[PDB]
Amino acid sequence: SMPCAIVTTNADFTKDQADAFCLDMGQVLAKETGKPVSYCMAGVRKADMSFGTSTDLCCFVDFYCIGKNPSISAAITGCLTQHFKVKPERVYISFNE
Amino acid sequence: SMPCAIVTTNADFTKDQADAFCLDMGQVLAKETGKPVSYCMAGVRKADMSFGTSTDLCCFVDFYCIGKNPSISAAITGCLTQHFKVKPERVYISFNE
Amino acid sequence: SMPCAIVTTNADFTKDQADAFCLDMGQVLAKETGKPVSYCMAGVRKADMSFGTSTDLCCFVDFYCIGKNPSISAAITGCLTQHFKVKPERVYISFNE
Ligand SMILES: [Cl-]
Ligand SMILES: [Cl-]
Ligand SMILES: [Cl-]
């Protein structure tokens with residue numbers, strides 16, 4: 001529980017788009033962990049980033065839980081893809097349990 | 001030692017306000033750990049963020065120490081509250097020791 | 001492998017300078033780990049930061065590897081110094097293996 005997903009991305013998003021993403025990401029971490037939505041934190045922050053030999057769209061995710069896993073990965077990645085259009089092969093997730 | 005607090009927040013702050021916060025946070029990590037101020041790092045960076053069902057003011061803190069704990073938590077949180085006005089129930093801290 | 005260096009700095013850089021840094025940092029994490037460049041992620045993001053009693057130029061690095069070390073440190077730091085002019089004594093690196 002106390003689940004939290006902080007995303008670092010080079011996507012071009014407006015603030016309102018980031019807010020929509022975070023709220024949605026919060027409901028996704030809720031379903032995925034069964035803790036209530038009221039305890040889920042999500043953040044997105046911009047960064048200049050490369051992955052391989054290009055600066056094409058990519059994302060790094062820090063996931064935190066106080067405490068069986070590719071369930072969370074597909075869920076977090078699909079959320080990223082739905083909001084920023086990032087290819088899943090350009091999304092790294094760090095589990096900090 | 002080598003204590004470091006990196007804060008991700010959706011607070012609206014000017015650069016000079018962030019600098020004041022970081023310097024003050026450095027003296028707080030100093031008192032709290034007894035390492036000298038010269039070795040304390042603090043950072044604040046903006047992010048779009050939600051906690052629960054709102055984007056109201058919240059903060060995530062990554063604390064690092066090369067190496068008995070709610071002493072650090074209350075201290076870091078009270079600093080955040082003094083500078084950004086964040087409610088303590090909207091502050092998550094990650095201890096990375 | 002899956003090596004990734006995310007940098008938080010208070011350096012004043014243009015976006016194109018950050019991109020150059022990230023691409024170069026990717027080739028450096030490649031040499032250093034022998035994984036291919038195609039799997040290396042680097043990011044730089046701005047932050048207001050203090051180290052000691054000043055807000056002079058400093059950097060925090062989160063290094064991640066799925067998995068003998070000051071080889072990576074000197075390499076990452078020298079890259080930071082070549083691009084942002086940060087003094088090596090103002091660069092903290094966190095190894096998250
Ligand atoms: Cl979604
Ligand atoms: Cl204070
Ligand atoms: Cl270089």
# chains A, B, ... in the order shown; residues from 1 in each chain; ligands from 1
>>> interface_residues(of="chain A", to="chain B", cutoff="9 Å", atoms="only C-alpha atoms", output="list in words")
residues 2, 4, 6, 15, 16, 18, 19, 22, 23, 25, 26, 27, 36, 37, 38, 39, 40, 41, 42, 43, 44, 45, 46 and 64 of chain A
>>> residues_near_ligand(ligand="ligand 2", cutoff="8 Å", atoms="only C-alpha atoms and all ligand atoms", output="ChimeraX atom specification")
/B:21,24-25,28,78-80,82-83
>>> write_last_selection(atoms="N, CA, C and O atoms", output="CSV table (one decimal), in the first residue's frame")
chain,number,residue,atom,x,y,z
B,21,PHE,N,13.9,27.3,0.6
B,21,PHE,CA,13.5,26.0,1.1
B,21,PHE,C,14.7,25.0,1.1
B,21,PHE,O,14.8,24.2,2.1
B,24,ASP,N,17.3,25.8,3.8
B,24,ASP,CA,16.7,25.5,5.1
B,24,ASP,C,16.6,24.0,5.3
B,24,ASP,O,16.8,23.5,6.4
B,25,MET,N,16.3,23.3,4.2
B,25,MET,CA,16.1,21.9,4.3
B,25,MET,C,17.5,21.3,4.6
B,25,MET,O,17.6,20.3,5.2
B,28,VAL,N,18.2,21.6,8.2
B,28,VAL,CA,17.3,20.6,8.9
B,28,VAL,C,17.9,19.1,8.8
B,28,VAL,O,17.9,18.4,9.8
B,78,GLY,N,7.7,19.1,8.5
B,78,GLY,CA,7.5,20.4,9.0
B,78,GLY,C,8.3,21.5,8.2
B,78,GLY,O,7.8,22.6,8.1
B,79,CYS,N,9.4,21.1,7.6
B,79,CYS,CA,10.0,22.0,6.7
B,79,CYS,C,9.2,22.3,5.5
B,79,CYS,O,9.0,23.4,5.0
B,80,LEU,N,8.6,21.2,4.9
B,80,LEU,CA,7.7,21.3,3.7
B,80,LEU,C,6.5,22.2,4.0
B,80,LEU,O,6.1,23.1,3.2
B,82,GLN,N,6.2,24.5,6.5
B,82,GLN,CA,6.6,25.9,6.7
B,82,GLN,C,6.8,26.6,5.4
B,82,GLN,O,6.6,27.8,5.3
B,83,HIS,N,7.3,25.9,4.3
B,83,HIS,CA,7.6,26.6,3.1
B,83,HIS,C,6.5,26.6,2.0
B,83,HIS,O,6.3,27.6,1.3
>>> select_by_dssp(residues="chain B", states="helix (DSSP H, G or I)", output="PyMOL selection string")
chain B and resi 15-33+37-39+70-84+88-90
>>> residues_around(residues="residue 86 (chain C)", least_positions_apart="2", cutoff="6 Å", atoms="only C-alpha atoms", output="JSON, numbers by chain")
{"C": [57, 81, 84]}
>>> select_by_dssp(residues="chain C", states="strand (DSSP E)", output="ChimeraX atom specification")
/C:4-9,41-46,48-51,59-64,91-96
>>> write_last_selection(atoms="N, CA and C atoms", output="compact mmCIF listing (two decimals), in the first residue's frame")
# COMPACT_ATOMS: atom_id res chain seq x y z
N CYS C 4 20.30 2.89 -16.65
CA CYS C 4 19.60 4.14 -16.76
C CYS C 4 20.18 5.16 -15.77
N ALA C 5 20.52 6.36 -16.27
CA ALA C 5 21.00 7.44 -15.43
C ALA C 5 20.08 8.65 -15.56
N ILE C 6 19.39 8.97 -14.46
CA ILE C 6 18.50 10.12 -14.39
C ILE C 6 19.18 11.16 -13.51
N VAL C 7 19.41 12.35 -14.06
CA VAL C 7 20.14 13.41 -13.38
C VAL C 7 19.24 14.54 -12.99
N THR C 8 19.35 14.98 -11.74
CA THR C 8 18.67 16.17 -11.26
C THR C 8 19.74 17.22 -10.95
N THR C 9 19.65 18.38 -11.61
CA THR C 9 20.68 19.39 -11.54
C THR C 9 20.05 20.78 -11.54
N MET C 41 19.18 4.29 -21.06
CA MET C 41 18.33 5.47 -20.87
C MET C 41 19.10 6.51 -20.08
N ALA C 42 19.02 7.77 -20.50
CA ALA C 42 19.58 8.86 -19.71
C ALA C 42 18.58 9.98 -19.73
N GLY C 43 18.47 10.73 -18.63
CA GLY C 43 17.57 11.86 -18.55
C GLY C 43 18.25 12.96 -17.75
N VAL C 44 17.89 14.20 -18.03
CA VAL C 44 18.30 15.30 -17.18
C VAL C 44 17.09 16.18 -16.93
N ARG C 45 16.88 16.59 -15.70
CA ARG C 45 15.74 17.42 -15.40
C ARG C 45 16.15 18.52 -14.45
N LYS C 46 15.58 19.71 -14.60
CA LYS C 46 16.03 20.82 -13.79
C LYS C 46 15.36 20.82 -12.43
N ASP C 48 15.71 23.23 -8.48
CA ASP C 48 16.38 24.17 -7.61
C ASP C 48 17.00 23.31 -6.52
N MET C 49 18.25 23.57 -6.19
CA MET C 49 19.01 22.68 -5.38
C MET C 49 20.06 23.48 -4.62
N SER C 50 20.36 23.01 -3.41
CA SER C 50 21.53 23.46 -2.63
C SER C 50 22.36 22.28 -2.20
N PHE C 51 23.64 22.55 -2.00
CA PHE C 51 24.57 21.58 -1.50
C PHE C 51 25.45 22.39 -0.54
N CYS C 59 24.74 18.31 -8.77
CA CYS C 59 23.93 17.29 -9.47
C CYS C 59 23.66 16.08 -8.58
N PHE C 60 22.46 15.53 -8.65
CA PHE C 60 22.16 14.22 -8.08
C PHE C 60 21.86 13.27 -9.24
N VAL C 61 22.44 12.07 -9.20
CA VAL C 61 22.23 11.03 -10.20
C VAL C 61 21.60 9.78 -9.57
N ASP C 62 20.48 9.34 -10.13
CA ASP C 62 19.92 8.03 -9.87
C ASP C 62 20.39 7.13 -10.98
N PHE C 63 21.22 6.14 -10.65
CA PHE C 63 21.62 5.10 -11.59
C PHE C 63 20.83 3.82 -11.32
N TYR C 64 20.26 3.21 -12.37
CA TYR C 64 19.56 1.92 -12.22
C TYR C 64 20.16 0.86 -13.17
N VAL C 91 28.62 16.36 -6.85
CA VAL C 91 27.90 15.33 -7.61
C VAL C 91 27.69 14.10 -6.72
N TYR C 92 26.45 13.83 -6.35
CA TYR C 92 26.08 12.60 -5.64
C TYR C 92 25.43 11.65 -6.61
N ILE C 93 25.79 10.38 -6.49
CA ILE C 93 25.24 9.31 -7.32
C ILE C 93 24.62 8.24 -6.45
N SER C 94 23.40 7.85 -6.77
CA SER C 94 22.71 6.79 -6.03
C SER C 94 22.67 5.54 -6.90
N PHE C 95 23.29 4.45 -6.45
CA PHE C 95 23.22 3.19 -7.17
C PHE C 95 22.00 2.36 -6.74
N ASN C 96 21.07 2.14 -7.66
CA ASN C 96 19.85 1.37 -7.39
C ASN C 96 19.83 0.05 -8.17
>>> calpha_fit_and_write(fixed="chain C", moving="chain A", output="mmCIF file with N, CA and C atoms, in the first residue's frame")
data_model
loop_
_atom_site.group_PDB
_atom_site.id
_atom_site.type_symbol
_atom_site.label_atom_id
_atom_site.label_comp_id
_atom_site.auth_asym_id
_atom_site.auth_seq_id
_atom_site.Cartn_x
_atom_site.Cartn_y
_atom_site.Cartn_z
ATOM 1 N N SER A 1 22.330 -4.832 -16.555
ATOM 2 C CA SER A 1 21.807 -4.238 -17.828
ATOM 3 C C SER A 1 20.538 -3.409 -17.565
ATOM 4 N N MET A 2 19.801 -3.092 -18.638
ATOM 5 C CA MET A 2 18.766 -2.029 -18.639
ATOM 6 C C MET A 2 19.270 -0.785 -17.881
ATOM 7 N N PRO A 3 20.500 -0.307 -18.217
ATOM 8 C CA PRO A 3 21.106 0.737 -17.395
ATOM 9 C C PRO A 3 20.463 2.088 -17.693
ATOM 10 N N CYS A 4 20.301 2.888 -16.649
ATOM 11 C CA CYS A 4 19.596 4.142 -16.765
ATOM 12 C C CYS A 4 20.175 5.163 -15.774
ATOM 13 N N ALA A 5 20.519 6.355 -16.272
ATOM 14 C CA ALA A 5 21.002 7.439 -15.431
ATOM 15 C C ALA A 5 20.077 8.648 -15.558
ATOM 16 N N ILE A 6 19.394 8.975 -14.461
ATOM 17 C CA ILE A 6 18.496 10.123 -14.389
ATOM 18 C C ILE A 6 19.184 11.162 -13.506
ATOM 19 N N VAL A 7 19.411 12.350 -14.055
ATOM 20 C CA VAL A 7 20.144 13.411 -13.384
ATOM 21 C C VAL A 7 19.238 14.537 -12.987
ATOM 22 N N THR A 8 19.346 14.983 -11.742
ATOM 23 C CA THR A 8 18.670 16.168 -11.255
ATOM 24 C C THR A 8 19.742 17.221 -10.948
ATOM 25 N N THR A 9 19.649 18.378 -11.606
ATOM 26 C CA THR A 9 20.678 19.393 -11.544
ATOM 27 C C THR A 9 20.049 20.779 -11.543
ATOM 28 N N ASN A 10 20.787 21.728 -10.984
ATOM 29 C CA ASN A 10 20.379 23.098 -11.044
ATOM 30 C C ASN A 10 21.155 23.848 -12.124
ATOM 31 N N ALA A 11 21.966 23.152 -12.936
ATOM 32 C CA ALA A 11 22.618 23.766 -14.119
ATOM 33 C C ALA A 11 21.623 24.419 -15.047
ATOM 34 N N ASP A 12 22.089 25.499 -15.704
ATOM 35 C CA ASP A 12 21.378 26.273 -16.721
ATOM 36 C C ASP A 12 21.824 25.666 -18.032
ATOM 37 N N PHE A 13 20.927 24.957 -18.703
ATOM 38 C CA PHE A 13 21.253 24.308 -19.967
ATOM 39 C C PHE A 13 20.095 24.579 -20.919
ATOM 40 N N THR A 14 20.369 24.693 -22.219
ATOM 41 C CA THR A 14 19.315 24.678 -23.230
ATOM 42 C C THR A 14 18.880 23.220 -23.476
ATOM 43 N N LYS A 15 17.709 23.005 -24.100
ATOM 44 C CA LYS A 15 17.158 21.657 -24.376
ATOM 45 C C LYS A 15 18.091 20.898 -25.256
ATOM 46 N N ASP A 16 18.674 21.576 -26.225
ATOM 47 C CA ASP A 16 19.586 20.888 -27.144
ATOM 48 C C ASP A 16 20.859 20.445 -26.436
ATOM 49 N N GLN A 17 21.343 21.258 -25.488
ATOM 50 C CA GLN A 17 22.446 20.853 -24.650
ATOM 51 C C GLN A 17 22.085 19.671 -23.779
ATOM 52 N N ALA A 18 20.867 19.633 -23.232
ATOM 53 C CA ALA A 18 20.476 18.477 -22.437
ATOM 54 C C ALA A 18 20.426 17.222 -23.288
ATOM 55 N N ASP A 19 19.856 17.333 -24.489
ATOM 56 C CA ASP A 19 19.814 16.199 -25.438
ATOM 57 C C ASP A 19 21.172 15.659 -25.804
ATOM 58 N N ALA A 20 22.105 16.538 -26.173
ATOM 59 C CA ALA A 20 23.481 16.134 -26.370
ATOM 60 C C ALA A 20 23.992 15.379 -25.136
ATOM 61 N N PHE A 21 23.836 15.955 -23.952
ATOM 62 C CA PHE A 21 24.294 15.266 -22.736
ATOM 63 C C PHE A 21 23.715 13.865 -22.597
ATOM 64 N N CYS A 22 22.416 13.741 -22.823
ATOM 65 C CA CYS A 22 21.749 12.453 -22.591
ATOM 66 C C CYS A 22 22.281 11.431 -23.588
ATOM 67 N N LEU A 23 22.368 11.827 -24.846
ATOM 68 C CA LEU A 23 22.868 10.883 -25.862
ATOM 69 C C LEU A 23 24.263 10.423 -25.519
ATOM 70 N N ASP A 24 25.131 11.373 -25.160
ATOM 71 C CA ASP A 24 26.489 11.067 -24.762
ATOM 72 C C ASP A 24 26.520 10.197 -23.503
ATOM 73 N N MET A 25 25.636 10.503 -22.558
ATOM 74 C CA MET A 25 25.573 9.722 -21.330
ATOM 75 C C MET A 25 25.174 8.299 -21.666
ATOM 76 N N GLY A 26 24.365 8.118 -22.697
ATOM 77 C CA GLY A 26 23.927 6.783 -23.098
ATOM 78 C C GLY A 26 25.095 5.950 -23.630
ATOM 79 N N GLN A 27 25.951 6.571 -24.447
ATOM 80 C CA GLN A 27 27.139 5.890 -24.951
ATOM 81 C C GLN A 27 28.092 5.604 -23.783
ATOM 82 N N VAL A 28 28.209 6.515 -22.811
ATOM 83 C CA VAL A 28 29.043 6.245 -21.637
ATOM 84 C C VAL A 28 28.546 5.053 -20.785
ATOM 85 N N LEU A 29 27.240 4.963 -20.515
ATOM 86 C CA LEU A 29 26.676 3.808 -19.761
ATOM 87 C C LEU A 29 26.855 2.500 -20.537
ATOM 88 N N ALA A 30 26.969 2.617 -21.868
ATOM 89 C CA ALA A 30 27.177 1.478 -22.777
ATOM 90 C C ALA A 30 28.573 0.924 -22.653
ATOM 91 N N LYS A 31 29.576 1.783 -22.875
ATOM 92 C CA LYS A 31 30.969 1.386 -22.682
ATOM 93 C C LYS A 31 31.069 0.799 -21.285
ATOM 94 N N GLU A 32 30.710 1.584 -20.275
ATOM 95 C CA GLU A 32 30.890 1.178 -18.873
ATOM 96 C C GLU A 32 30.259 -0.191 -18.516
ATOM 97 N N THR A 33 29.077 -0.530 -19.056
ATOM 98 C CA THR A 33 28.387 -1.821 -18.728
ATOM 99 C C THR A 33 28.464 -2.908 -19.814
ATOM 100 N N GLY A 34 28.882 -2.540 -21.023
ATOM 101 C CA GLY A 34 28.944 -3.496 -22.127
ATOM 102 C C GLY A 34 27.587 -3.968 -22.637
ATOM 103 N N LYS A 35 26.487 -3.443 -22.097
ATOM 104 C CA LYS A 35 25.174 -3.701 -22.679
ATOM 105 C C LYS A 35 25.144 -2.825 -23.923
ATOM 106 N N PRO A 36 24.271 -3.129 -24.890
ATOM 107 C CA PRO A 36 24.252 -2.244 -26.072
ATOM 108 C C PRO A 36 23.572 -0.874 -25.847
ATOM 109 N N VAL A 37 24.004 0.109 -26.630
ATOM 110 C CA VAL A 37 23.512 1.468 -26.526
ATOM 111 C C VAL A 37 21.991 1.515 -26.633
ATOM 112 N N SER A 38 21.421 0.658 -27.472
ATOM 113 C CA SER A 38 19.968 0.615 -27.667
ATOM 114 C C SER A 38 19.142 0.422 -26.388
ATOM 115 N N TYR A 39 19.776 -0.062 -25.315
ATOM 116 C CA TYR A 39 19.080 -0.307 -24.042
ATOM 117 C C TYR A 39 19.402 0.692 -22.937
ATOM 118 N N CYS A 40 20.164 1.731 -23.261
ATOM 119 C CA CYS A 40 20.573 2.692 -22.242
ATOM 120 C C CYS A 40 19.675 3.940 -22.246
ATOM 121 N N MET A 41 19.182 4.287 -21.061
ATOM 122 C CA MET A 41 18.331 5.470 -20.873
ATOM 123 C C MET A 41 19.098 6.507 -20.077
ATOM 124 N N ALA A 42 19.021 7.766 -20.496
ATOM 125 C CA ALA A 42 19.576 8.862 -19.709
ATOM 126 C C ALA A 42 18.577 9.984 -19.727
ATOM 127 N N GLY A 43 18.471 10.733 -18.632
ATOM 128 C CA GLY A 43 17.574 11.861 -18.553
ATOM 129 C C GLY A 43 18.246 12.955 -17.754
ATOM 130 N N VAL A 44 17.894 14.201 -18.027
ATOM 131 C CA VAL A 44 18.300 15.303 -17.177
ATOM 132 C C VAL A 44 17.089 16.181 -16.935
ATOM 133 N N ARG A 45 16.884 16.591 -15.704
ATOM 134 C CA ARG A 45 15.738 17.418 -15.404
ATOM 135 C C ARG A 45 16.155 18.516 -14.449
ATOM 136 N N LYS A 46 15.577 19.706 -14.603
ATOM 137 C CA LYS A 46 16.030 20.815 -13.791
ATOM 138 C C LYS A 46 15.362 20.820 -12.427
ATOM 139 N N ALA A 47 16.108 21.324 -11.465
ATOM 140 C CA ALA A 47 15.657 21.429 -10.100
ATOM 141 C C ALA A 47 16.367 22.620 -9.459
ATOM 142 N N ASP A 48 15.713 23.233 -8.475
ATOM 143 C CA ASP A 48 16.382 24.173 -7.612
ATOM 144 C C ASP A 48 17.001 23.309 -6.522
ATOM 145 N N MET A 49 18.248 23.569 -6.189
ATOM 146 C CA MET A 49 19.014 22.675 -5.382
ATOM 147 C C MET A 49 20.055 23.476 -4.616
ATOM 148 N N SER A 50 20.363 23.013 -3.406
ATOM 149 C CA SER A 50 21.530 23.463 -2.631
ATOM 150 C C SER A 50 22.357 22.279 -2.199
ATOM 151 N N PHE A 51 23.637 22.548 -2.000
ATOM 152 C CA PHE A 51 24.575 21.584 -1.497
ATOM 153 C C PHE A 51 25.448 22.389 -0.541
ATOM 154 N N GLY A 52 25.373 22.047 0.733
ATOM 155 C CA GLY A 52 26.015 22.861 1.760
ATOM 156 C C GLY A 52 25.260 24.169 1.903
ATOM 157 N N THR A 53 26.028 25.244 1.950
ATOM 158 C CA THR A 53 25.505 26.554 2.288
ATOM 159 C C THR A 53 25.317 27.427 1.023
ATOM 160 N N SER A 54 25.318 26.804 -0.156
ATOM 161 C CA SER A 54 25.151 27.559 -1.403
ATOM 162 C C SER A 54 24.317 26.781 -2.386
ATOM 163 N N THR A 55 23.703 27.522 -3.305
ATOM 164 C CA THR A 55 22.996 26.966 -4.431
ATOM 165 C C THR A 55 23.920 26.886 -5.643
ATOM 166 N N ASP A 56 25.225 26.770 -5.441
ATOM 167 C CA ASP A 56 26.086 26.642 -6.603
ATOM 168 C C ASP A 56 25.821 25.318 -7.282
ATOM 169 N N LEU A 57 26.276 25.235 -8.513
ATOM 170 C CA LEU A 57 25.984 24.130 -9.397
ATOM 171 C C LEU A 57 26.277 22.827 -8.693
ATOM 172 N N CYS A 58 25.288 21.937 -8.654
ATOM 173 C CA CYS A 58 25.457 20.565 -8.139
ATOM 174 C C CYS A 58 24.520 19.621 -8.909
ATOM 175 N N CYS A 59 24.739 18.315 -8.766
ATOM 176 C CA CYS A 59 23.931 17.286 -9.471
ATOM 177 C C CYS A 59 23.661 16.084 -8.575
ATOM 178 N N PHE A 60 22.460 15.528 -8.655
ATOM 179 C CA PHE A 60 22.158 14.220 -8.082
ATOM 180 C C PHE A 60 21.863 13.266 -9.245
ATOM 181 N N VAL A 61 22.440 12.068 -9.198
ATOM 182 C CA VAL A 61 22.234 11.034 -10.202
ATOM 183 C C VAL A 61 21.600 9.778 -9.575
ATOM 184 N N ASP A 62 20.477 9.343 -10.130
ATOM 185 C CA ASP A 62 19.917 8.026 -9.867
ATOM 186 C C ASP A 62 20.387 7.125 -10.976
ATOM 187 N N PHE A 63 21.215 6.137 -10.646
ATOM 188 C CA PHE A 63 21.625 5.100 -11.591
ATOM 189 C C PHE A 63 20.829 3.816 -11.323
ATOM 190 N N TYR A 64 20.265 3.210 -12.366
ATOM 191 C CA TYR A 64 19.560 1.925 -12.221
ATOM 192 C C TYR A 64 20.157 0.859 -13.167
ATOM 193 N N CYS A 65 20.301 -0.364 -12.645
ATOM 194 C CA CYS A 65 20.764 -1.536 -13.396
ATOM 195 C C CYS A 65 20.019 -2.732 -12.828
ATOM 196 N N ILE A 66 19.521 -3.588 -13.723
ATOM 197 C CA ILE A 66 18.989 -4.889 -13.335
ATOM 198 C C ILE A 66 20.212 -5.746 -12.981
ATOM 199 N N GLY A 67 20.365 -6.056 -11.690
ATOM 200 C CA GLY A 67 21.536 -6.784 -11.189
ATOM 201 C C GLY A 67 21.827 -6.495 -9.728
ATOM 202 N N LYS A 68 33.108 -3.180 -7.478
ATOM 203 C CA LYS A 68 33.405 -3.182 -8.910
ATOM 204 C C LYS A 68 32.898 -1.898 -9.587
ATOM 205 N N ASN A 69 32.673 -0.861 -8.761
ATOM 206 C CA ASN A 69 31.772 0.303 -9.047
ATOM 207 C C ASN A 69 32.318 1.719 -9.309
ATOM 208 N N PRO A 70 33.483 2.085 -8.731
ATOM 209 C CA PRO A 70 33.864 3.475 -8.972
ATOM 210 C C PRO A 70 34.198 3.731 -10.441
ATOM 211 N N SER A 71 34.233 2.671 -11.259
ATOM 212 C CA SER A 71 34.338 2.805 -12.715
ATOM 213 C C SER A 71 33.133 3.578 -13.266
ATOM 214 N N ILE A 72 31.928 3.211 -12.813
ATOM 215 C CA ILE A 72 30.698 3.875 -13.262
ATOM 216 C C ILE A 72 30.682 5.320 -12.756
ATOM 217 N N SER A 73 31.012 5.526 -11.478
ATOM 218 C CA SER A 73 31.053 6.875 -10.856
ATOM 219 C C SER A 73 31.893 7.949 -11.546
ATOM 220 N N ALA A 74 33.118 7.590 -11.912
ATOM 221 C CA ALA A 74 34.068 8.496 -12.570
ATOM 222 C C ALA A 74 33.610 8.791 -13.969
ATOM 223 N N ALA A 75 33.091 7.755 -14.615
ATOM 224 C CA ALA A 75 32.535 7.868 -15.935
ATOM 225 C C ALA A 75 31.314 8.800 -15.932
ATOM 226 N N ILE A 76 30.325 8.532 -15.082
ATOM 227 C CA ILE A 76 29.116 9.410 -15.007
ATOM 228 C C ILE A 76 29.492 10.868 -14.639
ATOM 229 N N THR A 77 30.366 11.026 -13.646
ATOM 230 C CA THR A 77 30.803 12.338 -13.187
ATOM 231 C C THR A 77 31.572 13.124 -14.238
ATOM 232 N N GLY A 78 32.504 12.459 -14.917
ATOM 233 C CA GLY A 78 33.231 13.089 -16.010
ATOM 234 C C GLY A 78 32.312 13.532 -17.146
ATOM 235 N N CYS A 79 31.246 12.789 -17.380
ATOM 236 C CA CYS A 79 30.281 13.206 -18.381
ATOM 237 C C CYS A 79 29.571 14.473 -17.927
ATOM 238 N N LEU A 80 29.195 14.508 -16.656
ATOM 239 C CA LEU A 80 28.510 15.669 -16.083
ATOM 240 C C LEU A 80 29.385 16.919 -16.134
ATOM 241 N N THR A 81 30.637 16.727 -15.763
ATOM 242 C CA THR A 81 31.637 17.789 -15.803
ATOM 243 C C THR A 81 31.903 18.309 -17.212
ATOM 244 N N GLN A 82 31.997 17.405 -18.193
ATOM 245 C CA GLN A 82 32.200 17.797 -19.600
ATOM 246 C C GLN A 82 31.014 18.627 -20.136
ATOM 247 N N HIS A 83 29.790 18.322 -19.702
ATOM 248 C CA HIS A 83 28.598 19.019 -20.236
ATOM 249 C C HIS A 83 28.115 20.216 -19.442
ATOM 250 N N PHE A 84 28.153 20.153 -18.096
ATOM 251 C CA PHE A 84 27.555 21.203 -17.232
ATOM 252 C C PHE A 84 28.572 22.002 -16.412
ATOM 253 N N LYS A 85 29.799 21.492 -16.311
ATOM 254 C CA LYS A 85 30.913 22.202 -15.659
ATOM 255 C C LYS A 85 30.840 22.094 -14.120
ATOM 256 N N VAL A 86 30.032 21.153 -13.649
ATOM 257 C CA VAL A 86 29.892 20.866 -12.230
ATOM 258 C C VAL A 86 31.205 20.338 -11.645
ATOM 259 N N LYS A 87 31.549 20.784 -10.432
ATOM 260 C CA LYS A 87 32.741 20.296 -9.763
ATOM 261 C C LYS A 87 32.371 18.904 -9.302
ATOM 262 N N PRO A 88 33.288 17.932 -9.404
ATOM 263 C CA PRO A 88 33.009 16.555 -8.978
ATOM 264 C C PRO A 88 32.637 16.406 -7.517
ATOM 265 N N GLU A 89 33.112 17.312 -6.670
ATOM 266 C CA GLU A 89 32.746 17.265 -5.259
ATOM 267 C C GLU A 89 31.321 17.763 -5.031
ATOM 268 N N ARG A 90 30.617 18.156 -6.089
ATOM 269 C CA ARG A 90 29.203 18.556 -5.954
ATOM 270 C C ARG A 90 28.237 17.634 -6.750
ATOM 271 N N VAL A 91 28.619 16.358 -6.848
ATOM 272 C CA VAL A 91 27.900 15.327 -7.605
ATOM 273 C C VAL A 91 27.691 14.096 -6.717
ATOM 274 N N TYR A 92 26.447 13.826 -6.347
ATOM 275 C CA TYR A 92 26.081 12.600 -5.638
ATOM 276 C C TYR A 92 25.433 11.654 -6.609
ATOM 277 N N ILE A 93 25.792 10.380 -6.491
ATOM 278 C CA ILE A 93 25.245 9.313 -7.318
ATOM 279 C C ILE A 93 24.616 8.238 -6.452
ATOM 280 N N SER A 94 23.397 7.848 -6.768
ATOM 281 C CA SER A 94 22.715 6.789 -6.029
ATOM 282 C C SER A 94 22.672 5.540 -6.901
ATOM 283 N N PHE A 95 23.288 4.451 -6.447
ATOM 284 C CA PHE A 95 23.216 3.186 -7.175
ATOM 285 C C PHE A 95 22.003 2.358 -6.735
ATOM 286 N N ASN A 96 21.067 2.143 -7.661
ATOM 287 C CA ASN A 96 19.850 1.371 -7.394
ATOM 288 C C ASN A 96 19.832 0.045 -8.172
ATOM 289 N N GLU A 97 20.501 -0.969 -7.626
ATOM 290 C CA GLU A 97 20.717 -2.229 -8.339
ATOM 291 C C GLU A 97 19.718 -3.298 -7.893
#
